[PDB]
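J.: Take a look at the following structure, please.
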2 protein chains.
Amino acid sequence: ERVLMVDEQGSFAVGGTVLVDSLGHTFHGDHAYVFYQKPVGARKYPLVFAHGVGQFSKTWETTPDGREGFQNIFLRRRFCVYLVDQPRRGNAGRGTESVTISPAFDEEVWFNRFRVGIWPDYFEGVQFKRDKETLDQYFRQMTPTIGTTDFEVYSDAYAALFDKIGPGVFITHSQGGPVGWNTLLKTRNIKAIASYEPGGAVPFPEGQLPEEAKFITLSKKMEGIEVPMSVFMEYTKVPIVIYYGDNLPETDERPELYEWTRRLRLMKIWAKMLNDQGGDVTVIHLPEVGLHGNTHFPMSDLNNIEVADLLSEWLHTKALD
Amino acid sequence: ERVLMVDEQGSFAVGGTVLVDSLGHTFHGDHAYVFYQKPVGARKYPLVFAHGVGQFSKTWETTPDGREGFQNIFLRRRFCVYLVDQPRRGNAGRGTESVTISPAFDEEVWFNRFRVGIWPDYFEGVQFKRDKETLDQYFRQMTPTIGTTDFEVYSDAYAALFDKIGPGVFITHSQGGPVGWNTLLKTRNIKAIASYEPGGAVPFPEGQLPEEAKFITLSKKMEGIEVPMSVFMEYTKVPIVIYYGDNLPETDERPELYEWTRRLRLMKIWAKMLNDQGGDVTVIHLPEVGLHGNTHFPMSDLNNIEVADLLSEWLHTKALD
Ligand SMILES: [Cl-]
Ligand SMILES: [Cl-]
Ligand SMILES: [Cl-]
Ligand SMILES: [Cl-]
Ligand SMILES: [Cl-]
Ligand SMILES: [Cl-]
């Protein structure tokens, strides 16, 4: 019986490039696609949401079991909400590269990687509905990259978006993490960043890469990267919060899950190093603040309203609401 | 200053299949993606919108020049609106086939095909904004098919959607036309079909294919198809309206545009044949009812509100509002 009072809504492509062939003909690609809604009585700073690998805006929309996601929850709380499909993903599938896409039979691997459970079993107490239809939805919210992964291309489009809409808050997920870290260096208009379970390319000062950053992922990439000191200092300039969920394993028997344990450890080190240089980085491991059973997608888990309340609280204390 | 009062909104995947490999592992693909909004005080029958080739739900969203589209207009008029990305398109990019995608330098050809003008010139009086940013948006609302064109796969997902949401009205565009014609044969829940500039696979009774249907398109497909008489009779059972815009050329010097002239002619023949068998098919050529300058996308043209009023009127006379 509640009602979302939408003052404005719409969609647009943002950013991208233009290829030009030998005849002067154009190809417009590599933009992001954005759908936005502005509530009546909107707060000063919009929220911009960025998904991770294999996913799209649906990350933040209806949950796989049919409940409201952050798109609806934050609109109801009077934030302008911008949902994005990054370059080469979903509705932004018009990339600039030639590419071959083939189905991969790794759905059961993703179940584990997302810490829903160890397939075929769900984790005890997991904040995820256990029926077949929910899982059907969960696998069908994946969509392929129509090209190669390129954080420069991705972050360029998000910078173009922040430049367009003005100062806002960037809410990211997983590989959205390093998209976020890159985008910060490209726009004045990011006021703050909240990231859910970031992974990849954590920036440390050259010569100060912590031992805990030197592990190489399953994706064959080193987790931490070295950046010049003046670039590292840019991450001290806005408030940052990072959230990790539950069922982080204690041993490395299954790297698909243990990588998340390593990431929690690493982000705490990263936060400490930035805070020692005057930053404002908070890392929250959800069970330690009373929320148990979260997966890699806390924004769509069964307790996602409680997850949203934590975010609203932080936004409030940073005067971003 | 107007406000859309949204009682419910959300998104889901619908339809699709499941591949199963030799090890019993799954691949869920070929679903459509749907975003829906239900207004306060919604009318009895939802509107379901289906795009054509190379496009996605954006067909019906914000126009390329930044004005409201049918998504907003019909929600404001108190219809539940379901916007769809059909299987293998956009957010529904998780298809079941291996495919190679490469950029094609045919943007200037599409400009002509859509009857905005003869590139580089706009048609005199065309209902399309003539600035660069508008055209940028127009090209970036294209997205590739992640697989092959298959009307069975497409129409199966739309049938699954109509089965899910109950009796509704199907609003289609271009190749959405034959998707519509196919979907009708697969669900009880289509109350009516409105189609903007349909093209392809127009069904006629076996042995009664009109001469005007026998032309082979640039896509190397015959425009009319032969179906059994009992199947042809299915198109008599719901009201159907078909709209064509302006700048239909009189001669065949440019097949990219003349195909639309042939289609207008053909749909009038099709309507006559169905109406003679008890159907209710109306074909409207927009200039002949006082709307001039429409392109192949009348729903997003400068006079799209007037285009919407025509549709609201028809819906009203068929008791579908
Ligand atoms: Cl991942
Ligand atoms: Cl359950
Ligand atoms: Cl594993
Ligand atoms: Cl076409
Ligand atoms: Cl103009
Ligand atoms: Cl031409």
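Labels used: A, B, ... for chains in the order of the structure tokens, numbers from 1 for residues in each chain, and numbers from 1 for ligands as shown.
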Name all residues at most 7 Å from range 18-33 of chain B (count only C-alpha atoms; drop same-chain ones fewer than 6 positions away) and give them as an NGL selection string.
T.: (:A and (105 or 107 or 139-140)) or (:B and (12 or 84-88 or 91-92 or 94-96 or 157))
J.: Got a sec to check which residues lie within 12 Å of ligand 1, using only C-alpha atoms and all ligand atoms, and send them as a ChimeraX atom specification?
T.: /A:51-55,109-115,142,173-177,196-200,217-219,255-260,263,295-297
J.: Taking only C-alpha atoms and all ligand atoms into account, report as a PyMOL selection string which residues have an atom no farther than 10 Å from an atom of ligand 5.
T.: chain B and resi 65+122+125-132+134+302
J.: How about saving the chosen residues, N, CA, C and O atoms kept, as a PDB file, in the first residue's frame?
T.:
ATOM      1  N   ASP B  65      15.995  13.073 -27.788  1.00  0.00           N
ATOM      2  CA  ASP B  65      16.151  14.470 -27.460  1.00  0.00           C
ATOM      3  C   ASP B  65      15.754  14.842 -26.034  1.00  0.00           C
ATOM      4  O   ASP B  65      15.776  16.021 -25.680  1.00  0.00           O
ATOM      5  N   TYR B 122      18.110  15.849 -43.032  1.00  0.00           N
ATOM      6  CA  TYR B 122      16.865  15.488 -42.373  1.00  0.00           C
ATOM      7  C   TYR B 122      15.735  15.742 -43.376  1.00  0.00           C
ATOM      8  O   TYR B 122      15.844  16.675 -44.178  1.00  0.00           O
ATOM      9  N   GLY B 125      10.235  18.952 -42.407  1.00  0.00           N
ATOM     10  CA  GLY B 125       9.103  18.740 -41.507  1.00  0.00           C
ATOM     11  C   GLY B 125       9.176  17.510 -40.627  1.00  0.00           C
ATOM     12  O   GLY B 125       8.196  17.177 -39.965  1.00  0.00           O
ATOM     13  N   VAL B 126      10.302  16.807 -40.638  1.00  0.00           N
ATOM     14  CA  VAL B 126      10.407  15.568 -39.850  1.00  0.00           C
ATOM     15  C   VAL B 126      10.240  15.883 -38.370  1.00  0.00           C
ATOM     16  O   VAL B 126      10.736  16.887 -37.878  1.00  0.00           O
ATOM     17  N   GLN B 127       9.581  14.970 -37.650  1.00  0.00           N
ATOM     18  CA  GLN B 127       9.252  15.135 -36.232  1.00  0.00           C
ATOM     19  C   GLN B 127      10.404  14.579 -35.366  1.00  0.00           C
ATOM     20  O   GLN B 127      10.231  13.682 -34.540  1.00  0.00           O
ATOM     21  N   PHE B 128      11.582  15.131 -35.589  1.00  0.00           N
ATOM     22  CA  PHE B 128      12.806  14.643 -34.988  1.00  0.00           C
ATOM     23  C   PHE B 128      13.708  15.863 -34.793  1.00  0.00           C
ATOM     24  O   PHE B 128      13.865  16.738 -35.704  1.00  0.00           O
ATOM     25  N   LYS B 129      14.272  15.972 -33.597  1.00  0.00           N
ATOM     26  CA  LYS B 129      15.182  17.072 -33.276  1.00  0.00           C
ATOM     27  C   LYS B 129      16.480  16.943 -34.059  1.00  0.00           C
ATOM     28  O   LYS B 129      17.025  15.853 -34.185  1.00  0.00           O
ATOM     29  N   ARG B 130      16.982  18.056 -34.580  1.00  0.00           N
ATOM     30  CA  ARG B 130      18.056  18.016 -35.578  1.00  0.00           C
ATOM     31  C   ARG B 130      19.469  18.239 -35.022  1.00  0.00           C
ATOM     32  O   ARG B 130      20.395  18.412 -35.792  1.00  0.00           O
ATOM     33  N   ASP B 131      19.638  18.243 -33.715  1.00  0.00           N
ATOM     34  CA  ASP B 131      20.969  18.532 -33.113  1.00  0.00           C
ATOM     35  C   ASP B 131      21.832  17.267 -32.985  1.00  0.00           C
ATOM     36  O   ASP B 131      21.329  16.145 -33.050  1.00  0.00           O
ATOM     37  N   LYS B 132      23.123  17.472 -32.783  1.00  0.00           N
ATOM     38  CA  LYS B 132      24.067  16.375 -32.655  1.00  0.00           C
ATOM     39  C   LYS B 132      23.866  15.476 -31.450  1.00  0.00           C
ATOM     40  O   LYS B 132      24.087  14.285 -31.559  1.00  0.00           O
ATOM     41  N   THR B 134      21.104  14.724 -29.814  1.00  0.00           N
ATOM     42  CA  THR B 134      19.960  13.861 -30.111  1.00  0.00           C
ATOM     43  C   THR B 134      20.407  12.668 -30.946  1.00  0.00           C
ATOM     44  O   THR B 134      20.073  11.533 -30.645  1.00  0.00           O
ATOM     45  N   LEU B 302       8.820  13.944 -32.088  1.00  0.00           N
ATOM     46  CA  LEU B 302       8.470  15.207 -31.412  1.00  0.00           C
ATOM     47  C   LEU B 302       7.013  15.321 -31.078  1.00  0.00           C
ATOM     48  O   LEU B 302       6.690  15.987 -30.091  1.00  0.00           O
TER      49      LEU B 302
END
J.: Pull out every residue of chain A that has at least one atom within 6 Å of chain B, counting only C-alpha atoms, and report them as a list in words.
T.: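 That gives the following set of residues: residues 3, 4, 5, 6, 7, 10, 11, 27, 62, 90, 91, 93, 94, 98, 99, 100, 101, 102, 105 and 143 of chain A.
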J.: Could you pull out the residues in range 12-230 of chain B that DSSP calls helix (DSSP H, G or I) from the backbone, as an MDAnalysis selection string?
T.: chainID B and resid 57:60 70:76 90:92 107:113 132:140 151:165 176:186 211:213 229:230
J.: Quick one, how far is CA of residue 300 in chain A from CA of residue 83 in chain A?
T.: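 Result for CA of residue 300 in chain A versus CA of residue 83 in chain A: 14.6 Å, one decimal.
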J.: For residue 192 in chain B, find every residue with an atom within 6 Å (counting only C-alpha atoms), except residues of its own chain fewer than 2 positions away, and show them as number ranges by chain.
T.: B: 169, 190, 238-240
J.: Assign secondary structure with DSSP using the backbone only, and return the residues of range 35-174 of chain A in strand (DSSP E) as a ChimeraX atom specification.
T.: /A:35-39,47-50,81-85,99-101,117-118,121-122,168-173
J.: Kindly indicate which residue among A:168, A:117, A:178, A:245 lies nearest to ligand 3, using only C-alpha atoms and all ligand atoms for the distances.
T.: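 Of A:168, A:117, A:178, A:245, the one nearest ligand 3 is A:117, counting only C-alpha atoms and all ligand atoms.
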J.: Mind giving me the straight-line distance from CA of residue 277 in chain A to CA of residue 229 in chain A in Å, one decimal?
T.: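 So the answer is 10.7 Å.
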